[PDB]
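Only this structure's heavy atoms are used, side chains among them; waters, hydrogens and symmetry mates stay out. Throughout, a chain's letter reflects where its sequence line sits, starting with A, and its residues are numbered from 1.
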Amino acid sequence: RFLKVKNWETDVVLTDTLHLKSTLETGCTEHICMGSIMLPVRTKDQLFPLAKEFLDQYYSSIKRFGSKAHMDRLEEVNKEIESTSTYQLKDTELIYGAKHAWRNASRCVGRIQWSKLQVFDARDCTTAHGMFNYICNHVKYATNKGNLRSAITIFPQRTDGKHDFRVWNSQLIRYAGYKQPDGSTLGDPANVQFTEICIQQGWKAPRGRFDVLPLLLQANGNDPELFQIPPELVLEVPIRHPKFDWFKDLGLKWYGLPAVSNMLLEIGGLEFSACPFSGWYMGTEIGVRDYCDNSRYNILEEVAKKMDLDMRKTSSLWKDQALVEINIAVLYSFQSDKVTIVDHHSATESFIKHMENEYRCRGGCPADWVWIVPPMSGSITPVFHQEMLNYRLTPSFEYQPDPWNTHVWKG
Amino acid sequence: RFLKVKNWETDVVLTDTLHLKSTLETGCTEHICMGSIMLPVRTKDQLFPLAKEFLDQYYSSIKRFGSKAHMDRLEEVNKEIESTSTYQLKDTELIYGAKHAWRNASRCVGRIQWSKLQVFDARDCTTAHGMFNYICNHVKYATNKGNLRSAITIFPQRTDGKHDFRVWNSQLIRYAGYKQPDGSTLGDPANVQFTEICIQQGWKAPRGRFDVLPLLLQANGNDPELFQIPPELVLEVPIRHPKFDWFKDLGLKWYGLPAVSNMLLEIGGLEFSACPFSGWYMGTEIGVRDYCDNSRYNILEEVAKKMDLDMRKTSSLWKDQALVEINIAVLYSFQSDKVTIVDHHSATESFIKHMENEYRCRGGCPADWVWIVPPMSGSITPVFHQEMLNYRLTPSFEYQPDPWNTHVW
Ligand code: HEM
Ligand code: HEM
Ligand SMILES: Cc1cc(N)nc(C[C@@H]2CNC[C@@H]2OCCNCC(F)(F)c2ccccc2)c1
Ligand SMILES: Cc1cc(N)nc(C[C@@H]2CNC[C@@H]2OCCNCC(F)(F)c2ccccc2)c1
Ligand SMILES: C[C@H](O)[C@H](O)[C@H]1CNc2nc(N)[nH]c(=O)c2N1
Ligand SMILES: C[C@H](O)[C@H](O)[C@H]1CNc2nc(N)[nH]c(=O)c2N1
Ligand SMILES: [Zn+2]
């Protein structure tokens, strides 16, 4: 079967065949679409088909499908599963697997970059201190003094689910949030719960607006341990505006390295519960979401006050005007400090070229429109006008619940 | 089977039970989501369960479910379908059905208004000339000198499908588009094909940038005929900016009355193929889509130039800056001329309030996030942060293909 998608701006029609390789469920049915819902141990039995499907994909990718090496590896993995109940990936397979999880990540607008990914194999890690060292090296490598390089660090896979490696932080670098007795929040309101956990675990909180959180690291199912990232490894950018000299005195800054650390990487049926990965920012992540969400730093009012906008009616579009200036400021600040960043126009235009290439060479590109369209100026980006098909391919990144909800405290 | 939707800004969680009454298919499956795809006669046998499902909901709405009058009407409609192959709605049922088609319109952000809809029953209409009169009266009533009022006009239902009433136009009021001898497009590029059909049917085109198209009306399955809406019934607004004196020199205008005329209204299995309806604009429709879509009036570049912005690099956000100014100018111009308009902040706030009402009083609210979130400033409106379930309830409005594909002349 063939599914078609149309671009309503160009009339370009693309044909998807890749969706035929999708196995997992979307949340949608013939009767209900869950496209805007954020959240819509294996037996030997379920594991070998998953392993075989992956190894088949891997061996096809290297043009060795059906070779003796391919058949030998199937046999090897089969024997390993029957005897030890799991199996280990070759380094080559792990690299291919991590690259493909990114390539398959339907919510990721940055996927033109997918084949350029530095994979740090941390499967020999055994302790939280060991995890800390690996994560420091990842941060330093990926940061590269502002010339950011995409990377992922992969810690040992799940075994019985009682020995999980987990990074408790949702991102390697984030700022603390402190709920005040008067109900106001200091710093990032998104990180209040996690900040409270770190404090409980013994973190001495500076209690300012931009305190870099410590890492909370769980190795081998043990209780998590606290570590502070060396400050000299945390590259930050003070935010200023090219025309407005008062913008700097808002006191804003942000970190240069966006690094997701709470997702689960599935490759060949194996589950990597700790697999922090990083790229570089699209400006709107910071200027639209982190700064302007009512739920986050919420700076729109203060910015519009300083611009002397007419704020007595929403129809002056004061929020929209202030929003644009804040995003100009973020991009300008990053560019001026020589820290990699991409604007939403550039990123979406590159995504469309990536997606067309994928349709030609792969027969599709699963994409989640709700996430791919930027949170400002949607329809002046080419992705707004592009029909997309969302489906789930493996290898994959999956959301997993926060560890504090499920962790068995050892004491 | 009982489903939750969470607002990620406020943490409010609502439980949807209404989706279990949903009937039609979405285009999605367990393997593939088609949420971003724009486009994802009845026999006696198919018609009666549709009639019954509708009449049950109707009698329930007026708290007379299972009453003698409920059973009597079901009986009456059954007899009528068996004997005549179709049936006629009572005026009360027609009004109820049209209001609920709007209530069920998952792509409509303006549904807080759904119960205030003026329904014009045009089922007695028999000719294209009659259609034109009804439409002028709708246009005049809905416009109301700029104080717009929501309205729908409902022409006769489909019979054997060879006698369809259709308005060939996609909206009652739209501007012509013409392909120019040097490859550019004058007017609205979206209307080039329809304008050619108008000219070849007789229309004398003025060949300007903002020529209101004539209506092409089809009655009783006949070949459509051309009528010009009286110019004095088409309220238009010159676009100016409150700060930029030069903005007026772009020579932009838009019409005040948005009136969708190409959809099919289904009520109780009955199909109203000509049912033009109108409300009032949300400003982004005009300022973001009509003016700034690359395939539409495409004015971003000219505005940005007049603002003297750095157009050399995307990262200066010149497109974004010009976009906001164009939308400020649309809203200002409508407001100054006392023509109803709503900004995207205000409209989305109202929709969230509407969703909460629908959840508490009805068990849910079908909504299509891809359409409901405005085409600019998505995440600074509250709908961006609201999970929505999309599902199809009847009575409904459905898109139908342009009739010039269907029509045999
Ligand atoms: C190279 C530059 C990259 C850019 C500009 C980029 C951009 C983005 C953006 C804007 C999002 C949506 C983020 C949000 O709204 O929270 C996203 C999501 C995502 N990205 Fe990329 N990304 C990049 C690199 C990467 C890399 C290296 C990986 C993994 C190897 C990756 C995997 C993902 C995944 C799994 C999601 C969904 C995240 C979630 O569900 O929370 N991205 N990306
Ligand atoms: C009274 C003020 C109204 C407002 C502010 C409003 C707002 C909107 C907007 C912004 C859209 C998306 C339009 C687009 O992007 O093309 C829409 C779609 C829609 N509206 Fe409403 N509307 C109003 C009245 C009505 C009425 C009176 C009806 C029916 C009686 C209605 C039914 C629909 C339908 C069926 C759609 C989807 C249209 C399509 O598929 O092309 N609306 N509305
Ligand atoms: C509920 C839920 C589900 C889910 N899948 N995901 C989340 C994290 C949310 C998504 N939206 C804001 C926040 O994500 C925060 C992290 N944003 C991505 C990034 F900046 F870290 C990044 C890393 C690497 C490359 C580019 C960018 C929550
Ligand atoms: C392909 C396709 C499918 C579909 N269902 N619909 C369309 C009309 C498109 C949608 N998006 C732009 C254009 O719609 C143009 C009409 N816009 C709505 C309105 F302005 F007429 C209006 C009426 C009443 C109240 C408020 C506003 C195309
Ligand atoms: C409810 C809705 O799905 C939710 O707010 C989504 C919308 N789109 C998004 N898109 C991106 N890139 N990141 C997000 O966090 C969200 N949030
Ligand atoms: C491909 C995508 O579905 C298409 O561009 C949609 C996106 N959201 C929209 N939303 C509204 N209100 N109107 C539209 O025409 C569209 N177009
Ligand atoms: Zn879906």
Side-chain angles (χ1 to χ4, degrees), chain B residues 41-44 46-48 50-51 54-55 58 73 76-102 117-142 150-172 214-227 229 259-278 394-409:
Chain B
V41 284
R42 298 197 156 104
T43 338
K44 305 188 171 183
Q46 298 139 236
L47 193 53
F48 188 73
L50 294 168
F54 173 74
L55 295 174
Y58 175 74
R73 153 104 291 210
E76 176 178 50
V77 169
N78 207 38
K79 295 191 153 164
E80 185 169 344
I81 292 165
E82 259 297 327
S83 160
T84 78
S85 81
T86 182
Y87 72 107
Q88 294 301 321
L89 295 170
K90 303 285 187 194
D91 294 359
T92 49
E93 298 166 354
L94 182 82
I95 291 162
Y96 170 91
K99 286 173 181 188
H100 279 72
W102 182 13
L117 177 60
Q118 175 59 219
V119 174
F120 292 120
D121 180 2
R123 292 174 292 164
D124 71 359
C125 187
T126 62
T127 65
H129 270 92
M131 295 183 71
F132 174 60
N133 190 51
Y134 269 113
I135 285 163
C136 296
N137 288 351
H138 179 129
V139 169
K140 195 173 170 172
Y141 175 90
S150 299
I152 182 163
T153 295
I154 300 169
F155 291 107
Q157 71 213 35
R158 179 169 290 155
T159 47
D160 64 359
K162 279 200 159 179
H163 296 78
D164 284 1
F165 286 71
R166 284 298 288 279
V167 178
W168 282 35
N169 314 64
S170 55
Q171 293 173 54
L172 298 175
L215 296 163
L216 250 179
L217 308 174
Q218 160 188 336
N220 202 217
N222 294 307
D223 296 346
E225 288 172 67
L226 268 196
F227 301 90
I229 301 163
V260 170
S261 55
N262 68 168
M263 296 189 86
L264 184 153
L265 169 51
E266 175 187 326
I267 299 159
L270 300 178
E271 283 182 305
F272 296 95
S273 48
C275 60
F277 61 83
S278 59
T394 55
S396 55
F397 290 107
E398 306 290 7
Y399 177 87
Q400 55 190 335
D402 297 331
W404 52 88
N405 306 319
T406 313
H407 201 63
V408 270
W409 287 80

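Note that OH of B:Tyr87 is 6.0 Å distant from CG of B:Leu47, once rounded to the nearest 0.5 Å. In this structure, NE2 on B:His138 lies 10.5 Å from CD1 on B:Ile229, to the nearest 0.5 angstrom. One finds the CH2 atom of B:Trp409 at 11.0 Å from the CH2 atom of B:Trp404 (value rounded to the nearest 0.5 Å). How far CZ of B:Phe165 is from CD1 of B:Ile154: 13.5 Å, rounded to the nearest 0.5 Å. Residue B:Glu93 holds its CD atom at 10.0 Å from CD1 of B:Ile267, rounded to the nearest 0.5 Å. Note that CG of B:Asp402 is 6.5 Å distant from CG of B:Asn262, once rounded to the nearest 0.5 Å.
Classified by interplanar angle (parallel below 30°, tilted 30° to 60°, perpendicular above 60°), the ring pair B:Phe277/B:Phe397 is tilted. Relative orientation of the B:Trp168 and B:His407 rings is perpendicular, given thresholds of 30° and 60° on the angle between their planes.
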- Message: Would B:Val167 and B:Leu217 count as a side-chain contact (heavy atoms from CB on, under 4.5 Å) here? Give the steps.
- Response: CA-CA 5 Å; B:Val167 178; B:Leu217 308 174; 3.9 Å; yes
- Query: Step by step, would you call B:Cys136 with B:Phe227 a side-chain contact (heavy atoms from CB on, under 4.5 Å)?
  - Reply: CA-CA 10 Å; B:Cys136 296; B:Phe227 301 90; over 6 Å; no
- Item | Criterion side-chain hydrogen bond (donor to acceptor under 3.5 Å, both in side chains) on B:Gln400 and B:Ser273, from CA distance to verdict | CA-CA 8 Å; B:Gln400 55 190 335; B:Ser273 48; 5.2 Å; no
- Query: After noting the C-alpha distance and the side-chain angles of B:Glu225 and B:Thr127, does the key distance pass the side-chain contact (heavy atoms from CB on, under 4.5 Å) rule?
  - Reply: CA-CA 10 Å; B:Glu225 288 172 67; B:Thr127 65; over 6 Å; no
- side-chain contact (heavy atoms from CB on, under 4.5 Å) between B:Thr153 and B:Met131, worked out: CA-CA 10 Å; B:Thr153 295; B:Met131 295 183 71; over 6 Å; no
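Using a cut-off of 4.0 Å between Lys/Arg side-chain N and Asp/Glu carboxylate O, B:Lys79 and B:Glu76 are scored as not salt-bridged. The residues B:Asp91 and B:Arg123 are annotated as salt-bridged, a charged nitrogen and a carboxylate oxygen being separated by less than 4.0 angstrom.
A pairwise comparison of heavy atoms in B:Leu216 and B:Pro224 identifies CD2-CB, 3.8 Å as the closest pair. Shortest non-hydrogen contact noted between B:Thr159 and B:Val41 is O-CG1, 3.3 Å. Taking each heavy atom of B:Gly269 and B:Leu50 in turn, the nearest pair found is CA-CB, 3.7 Å. Closest of all the heavy-atom pairs between B:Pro156 and B:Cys125 is CG-O, 3.4 Å. Contact between B:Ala51 and B:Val77 at its shortest, heavy atoms only, is CB-CG1, 3.9 Å. Listed here is the closest heavy atom pair of B:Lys99 and B:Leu117: CE-O, 3.5 Å.
A donor-acceptor pair under 3.5 Å is formed between the side chain of B:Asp160 and the backbone N or O of B:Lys162. At least one donor-acceptor pair under 3.5 Å links the side chain of B:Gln218 to the backbone N or O of B:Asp164. Not a single donor-acceptor pair under 3.5 Å links the side chain of B:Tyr141 to the backbone N or O of B:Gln118. Distance alone, capped at 3.5 Å, is enough to place a donor-acceptor pair between the B:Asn169 side chain and the B:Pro214 backbone.
Using a 4.5 Å heavy-atom threshold, the side chains of B:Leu270 and B:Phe54 count as separate. In this structure the side chain of B:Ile152 never reaches within 4.5 angstrom of the side chain of B:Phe272, judged on heavy atoms. Contact annotation: the side chain of B:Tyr58 approaches that of B:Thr92 to within less than 4.5 Å [non-hydrogen atoms, C-beta and beyond].
With sequence neighbours left out, the ring-ring contact (aromatic ring centres under 6.0 Å, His included) criterion links B:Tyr399 to no other residue.
When each of B:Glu80, B:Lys44, B:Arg158, B:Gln157 is paired with B:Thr86, the side-chain hydrogen bond (donor to acceptor under 3.5 Å, both in side chains) condition holds for B:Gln157 and for no other.
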